[PDB]
Amino acid sequence: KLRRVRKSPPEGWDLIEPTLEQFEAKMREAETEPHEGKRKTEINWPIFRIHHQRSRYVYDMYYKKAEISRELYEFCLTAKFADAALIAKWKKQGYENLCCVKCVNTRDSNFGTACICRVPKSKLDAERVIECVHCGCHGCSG
RNA sequence: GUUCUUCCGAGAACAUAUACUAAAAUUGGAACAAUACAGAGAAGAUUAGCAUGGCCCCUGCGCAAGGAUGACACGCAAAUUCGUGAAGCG
Ligand SMILES: [Mg+2]
Ligand SMILES: [Mg+2]
Ligand SMILES: [Mg+2]
Ligand SMILES: [Mg+2]
Ligand SMILES: [Zn+2]
Ligand SMILES: [Zn+2]
Ligand SMILES: [Zn+2]
């Protein structure tokens, strides 16, 4: 990754490097863990889950905590440490807990609806438990 | 879950219906390798090649071409119907 961004990490990369380096360890384990004893839908879920976490950590450091400068935050977007297109959603009102961009692509669904996990729980038959097939998200709206 | 309201623990807006839903459990359907036998179209033999037909395939990208002429075919073929005189009887 860092080879492919040419400039050096700008300012306080040491604050985020040990955490990002742990997400890398997580992601490689998720790639190589056996697909046996798991649903054909389940095995992809940790990938989307870890990719959500890592993007969320970079995002929270810059926006909520302000512990990294914009140049270091934008560096993480440039170095593909965080998905700019997922962070682009968490800025939108009503999307601030979105699990993955695949769940808001309405075009890919049979009827042109969003994913069911995007329905607010108060609008469900709220005893109902959800695990959406795209990522196992139980509900990510309200 | 977030941006706001305040009399204050509630209210407005944003957000709005994934998935042949199984890690399964059941249930049909093709060709395989070879002991011994007798062995591959045309009025004697060696026998071309190309056609023809249907509820028969295979190889091939194929309206090309190969697969024994790819194999088969291989006869009670009656399918619109009679007409005659002798000789027994009774
Ligand atoms: Mg011949
Ligand atoms: Mg031929
Ligand atoms: Mg031949
Ligand atoms: Mg023939
Ligand atoms: Zn999702
Ligand atoms: Zn979903
Ligand atoms: Zn979701």
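Scroll up for the structure.
In this report, we go over the structure that sits alongside the text. (Residues numbered from 1 in each chain as written, not as in the entry; some residues may be left out. Chains lettered and ligands numbered in written order. Part of a larger assembly, values for the part shown. Heavy atoms only, no water.)

### Some words on the nonpolar core
A general tendency of soluble globular proteins is for nonpolar side chains to be buried together. To be explicit about the condition: The term nonpolar core refers to a set of buried residues drawn from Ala, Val, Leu, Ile, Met, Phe, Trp, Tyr and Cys, joined through side-chain atoms within 4.5 Å. Using a 1.4 Å probe on the protein chains alone, a residue whose accessible area is under 20% of its type maximum counts as buried, one over 50% counts as exposed, and one in between counts as partly exposed. Here a strand is any run of E in DSSP of at least two residues, a helix any run of H or I of at least four, and the numbering for each starts at the N terminus. Residue contacts are counted whenever heavy atoms from the two residues lie within 4.5 Å of one another.
Within the largest apolar cluster, 21 residues are counted, with the highest numbers of intra-cluster contacts made by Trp13, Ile16 and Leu20. Residue assignment for this core shows that the elements contributing at least two residues are α1 (13-32), α2 (45-64), α3 (70-78) and α4 (84-90). If we ignore the near neighbours within four places in the chain, the residues touching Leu20 are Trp13, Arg54, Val58, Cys76 and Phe81. Of all hydrophobic cores here, the second largest spans 11 residues; its members include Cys100, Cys103, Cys115 and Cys137.

### Side note on the protein's contact with RNA strand B
Filter applied, for reference: One heavy atom within 4 Å of a molecule or strand is enough for the residue carrying it to be called near that molecule or strand. Pairs of N or O atoms within 3.5 Å make up the polar contacts considered here, provided that, within protein, one atom can donate a hydrogen while the other can accept it, and that residues adjacent in sequence are counted only when both atoms are side-chain atoms. Three categories are distinguished: nonpolar for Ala, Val, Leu, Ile, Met, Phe, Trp, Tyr, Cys and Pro, charged for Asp, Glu, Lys and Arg, and polar for the others, with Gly belonging to the last.
Around RNA strand B, a shell composed of 26 residues is seen, among which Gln93, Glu96, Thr113, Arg118 and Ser141 lie nearest. Looking at RNA strand B alone, sugar and phosphate atoms form 56% of those within 4 Å of the protein. Separating a base nitrogen of RNA strand B from a side-chain N or O atom of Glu96 is a distance of 2.8 Å. At 2.5 Å from a phosphate oxygen of RNA strand B is found a side-chain nitrogen or oxygen belonging to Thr113. The residue inventory of the surface near RNA strand B, partitioned by class, reads eight nonpolar, 11 polar and seven charged.

### A closer look at unusual backbone geometry
A positive phi is found at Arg6, a non-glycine position, where the angle reads about 65°. Structurally, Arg6 is set in the segment before α1. Given the relative accessible area of 82%, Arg6 is considered exposed. Even without being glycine, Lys80 reaches a positive phi, approximately 55°. Locating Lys80 in the fold gives a position in the loop between α3 and α4.

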